[PDB]
């Protein structure tokens, strides 16, 4: 059974860093790419970042590029997201999802539980 | 934030070479193509060259083809322009721009500060 | 400056093969398609063959189809014309030209120097 | 010289399938569409099918549509005609012809030798 | 042989939508346009809509324009009809027909089995 | 139902430009041509312009030719009327109408709400 | 205004009145059709008659019209309270470069 | 139903009957083609005559058709028991926005 | 939110409702697939439909979807009380630098 | 055989002969091109004339063709003993869904 | 400069001015997008409008753009003292081997 | 040589001569471009005019070109001694499978 | 089973039979190879055809295969008594995460 | 002509045209695409 468990949330003052992680079990971690998706309270879903199966390629949304950093460690089956210079607009619930590709577009085929990151002063 | 800083200008006699550079920060350099654009004093803008994100394809303007060379170093986030056999009409301010593509044509969302190249005797 | 220089001409008895080449400099060879044009002595011009910039498409004249072969090698900036089973009517001066396209018809902006191939016994 | 050689004929009982082929040489196969034309013994010529150069468009006669299928493989210069549910009036000699177009109508410039397909019990 | 099979009928209360499909077999679907023709019980025939072979062009009757939608899927050989905001006057038997054109007017060479749509309260 | 809504009017000083629009819904916009008409306060109607469905043919009244420009965008179902160098005589309520042709002359089956344009100083 | 119409017509409720439309040899008498529009005081014109005899679904059976020679007319029977409006006759003039030409417009008055 | 047909015609077996389809100057009087469809009581319509004279393979030689001026006619000779069906004449009308227009429809009853 | 959705859709139990997701010529009109997700009130999103017609093992036969032109639709037939959730459409937009683009999200309320 | 040809013609050596190919207003009368083929008794057809006047390299000057109205004709001068063959005319018919339509074929015999 | 722009446009603060960028059948009339740039007297160009209608985050609502046929226009409503700059239009020309083609450039002077 | 040119033309220095290149409805009458070339007696051909009106950098103002219908013309004003050369026109023919088709070639002789 | 095979195919000894394998645009229509296996009732599968045309050493010349478009076929000529076996077609599906995808399996029975 | 029918015209052949050129176009741009 595919299990994605997240951690590393909490309350952070604006302007400093926070690191999230998504521990994985139930599948071959090194064969799949991963996504990060966030949802602001009361809003819809927003795509954040993707990383390739070998970590060779990274893509980011226009609103977080240069501040966020996605990385993986295939020897520990863990996915990371380093968030620097956090702003109030970044307060949301972050989900790690497992990448899948069908014909001409990709989807998320198993999702994690989600973690809440709060930025306030 | 996207930051493009250029250097390598100066004064050079006609007939010999010069090399420019455009150091980048705040975005994934290996994901984007880049442009060079120049502006003669008191004149309009003129497109010069483009390079693909992987460096496979290069395109040059008709007036600079065979003399100018564009290249990039993805491990240093630097864009180069090797200018050979310089002439008097090559006196202009050179900019590096980040490539973007909308529907059927391209544009440049982020520009550099510009560096002045003067060819004189 | 654009320079097209050919070679490989000479005198050949009818019924056998001969190879031509057109070495290039002063422009990006892999961004352009190339033509071959010949001129029988004291006569007009005649279109022979064309090759795409990547070499995917080749078109030949009716009189030379099935016998001539056009190919390019993007690593040495050279263009080839393999002539097989030459006839007496194949004696002419062969030019290599660079392809250009304006609105609905193409033309050749830069021509070579010309090489002479004589078929006689 | 254009060579069109057909093969795959013989005698077959009605109600079952047979596959014809037309091997080509002497011209660039992938630049031309092809035709199939059949002639019943003692009768006139009848058009059967045409396939585009890339295989994107296929057209069949009303008397054979749904039963015949034309196909090509550009990597071996071979043209195929898969005949299914063969009937008695399908007995004829089949030719493969090279497509041509003049102003507003098409013709065939080069033809094959032809093979006999006999359907009887 | 040409077979047109229809499915998706039933009883539906007025004010809402129902979808119809006409699966095709025995010919090249992408080569022909199609029609929809309906017949209310005890009445004559009424033309509903036409769709081009590539789907670029769509037409509807005055009494159904703005409520019905015609579409096709060339990779599954199936024709669709999306009827929104069904009324009592829409109760009829719906036919899918293959388009044909003779000189100046069109006709339908082959017709489907038909399906019954009942709209009542 | 045919829904034609207009906007973009107001009060404008003479000698400059103003732009109007007519949004459409409830019918296929690309299959029909459209009209612009204007009615001065206390006067009758006066035809202004007609545009073909594909936009190839544009016709204007003699009093507005050279100053009025009509355009449509079939991907947005919106019709445009560009008015330049407006005069005091151009103050009228502008309507958009859908073109229809019966035998030898045209008429408008459905009309828009209309908007008022004021040109005064 | 190549098409000429009376400036104002009136009649008692329930009677029959006619709105004429006079043209020339280039617009009505040249073989072209005549269409009629009814404009309420507070809305855009609404189609009344097309093809010189045909009416849409919305138009009631009371309205009718006909054409002959260079003259066309609209006939109204059984005048009602809501029939008060401006009626325009439309055709195409051969001598201009416009698809439509409109008349002066006739105001119908119901003496209720 | 811009194309006018008689609602019902009949005849004895083996005799000759004619079916008329009257149109207007915009559909049949404009030179557009006329086609005929046959609908058995329990099945979908089938093509009978296209191009005003031409018949498909399955159609026997009993049926024939022709047109002249504004009217088109379908001729049946040698009436049989199985000819009982509904016959529709189909054309195109210039004045509408429809690819096809159908007639009212005629029912053939054989007095057997 | 390049893909726009109705903000809310409601229906009575046992009937059929439709959720639409219409885009432009760069995401859905360009030939890219549309996928659907379901988010129950207190948990993470779950995949509902992928490839515009396919559903995972856990998703019942009640849900179905299809796309045509520049619009994609999700059809839910026979509502239950446990169908109250937010539904999001996901595709790829050619004009951005992201792998996924989501819709606004439609909340379905079943009128129990 | 939508194109009509006489079944057989004959002529003495050294004389000129004419082979006709009559079509209709849909294939030849519509302005489409006419091409001619020659088939010797034991071989495949060979192109004789294309574009209604043009001939390939191998074809001698004796063969010539033209067209006018709905008819196209092939003229042979200096008839020889090697001209015994079947001659087919080919065009395109607007009313069908095929690229080529052929004639019936004319057998030419030279009276040796 | 395959695209033509007026050399200068001026206006007092508070009203609207238009900068035109006419093209041809190869760049703007061929369906390629038109983008706009602004260059303050002592700085590098800054993107103003892309996709002929869209603007980035930093650009206010005063600037808007549109194109029709082979021409494009830039509308600046409510002139301020800070709008004095050069405005360039950019497209792609099919007849050249360059990614971008720029216009002549229009200098905007605010009549303070 | 599909395109027809006069084999030779002549003129005295200082005056104007014209070189015509007559084509057909498939090459020049089909709307394809006409390009001109110059070949000095001992060198390779050099591009002179492209796009029927445009000239490269090295070509002086004396050479100009135009086209109309199925014909094209090369006008040389102010004859000089160095104009002794062959002039070829080039276009595309729809009926062939070649990228370019050339004209016969005209020898321009100055009467020094 | 993303590849569709007929559940059973039969034929008399000495005749020719064909087993088909129809896929989609992701497995066979995408350009991937199709291989065939033969399983006797009591033994493990044996490779029959690989590369769509090639066969191992032990396989006789009777078996042959080909592919075109979205479908592939296995042709057996000269049926014998021992050819009663299950035949499977294998390819690669782009839409899954597996090396191989198999067909349903066709059981061949010769009428002995 | 101001009085032509300003609408798309039905009653036109909705099927593919088989009378088209089935060969490749040699009059196409042979150079790399910078756009």
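As written, the chain order gives the labels A, B, C, D, E, F, G, H, I, J, K, L, M and N, with residue 1 at the start of each chain.
Note that in this section a residue touches a chain if its C-beta (ideal position, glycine included) is under 8 Å from a C-beta of that chain, and two chains touch if they have at least 3 such contacts.
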{"item": "If a chain touches chain C and chain J alike, it appears here", "value": "D, N"}
{"item": "Contact-graph separation of chain B and chain M, given in steps at minimum", "value": "2"}
{"item": "Both-way neighbours, i.e. chains that touch chain K and touch chain B", "value": "C, N"}
{"item": "Reference interface B-K: repeating pair among D-J, D-M or C-K with over half of contacts shared", "value": "D-J"}
{"item": "Chain occupying the most central position, where position means C-alpha average", "value": "N"}
{"item": "Rounded Å distance between chain H and chain J, as computed from the means of their C-alpha atoms", "value": "40"}
{"item": "Approximate Å spacing (C-alpha centroids) for the pair chain C, chain L", "value": "22"}
{"item": "Chain D and chain N: spacing of chain centres that average the CA atoms, whole Å", "value": "28"}
{"item": "Cα-centroid distance, chain F relative to chain M, in whole angstrom", "value": "66"}
{"item": "For chain H, residues that touch 2 or more chains besides their own", "value": "32, 51, 92, 95, 97-99"}
{"item": "Per-residue multi-chain contacts in chain F, two or more chains", "value": "31, 50, 59, 99-100, 102-106"}
{"item": "Sites on chain N at which at least two other chains make contact", "value": "2-3, 6-8, 10-11, 15-16, 18-19, 23-24, 26-27, 30-32, 34-35"}
{"item": "Pairs of chains satisfying the touch condition", "value": "A-B, A-I, A-M, B-C, B-I, B-K, B-N, C-D, C-K, C-L, C-N, D-E, D-J, D-L, D-M, D-N, E-F, E-H, E-I, E-J, E-N, F-G, F-H, F-K, F-N, G-N, H-N, J-N, K-N, L-N"}
{"item": "Of chain C, residues touching chain K in the complex", "value": "31, 102-103"}
{"item": "Residue ranges of chain B in contact with chain A within the complex", "value": "1-2, 25-28, 31"}
{"item": "Residues of chain D touching chain N in the complex", "value": "30-33, 50-53, 57, 59, 99-101, 104-106"}
{"item": "Contacting residues of chain N [partner chain B, same complex]", "value": "32, 34-35"}
{"item": "Contacting residues of chain I [partner chain E, same complex]", "value": "16, 18, 68-69"}
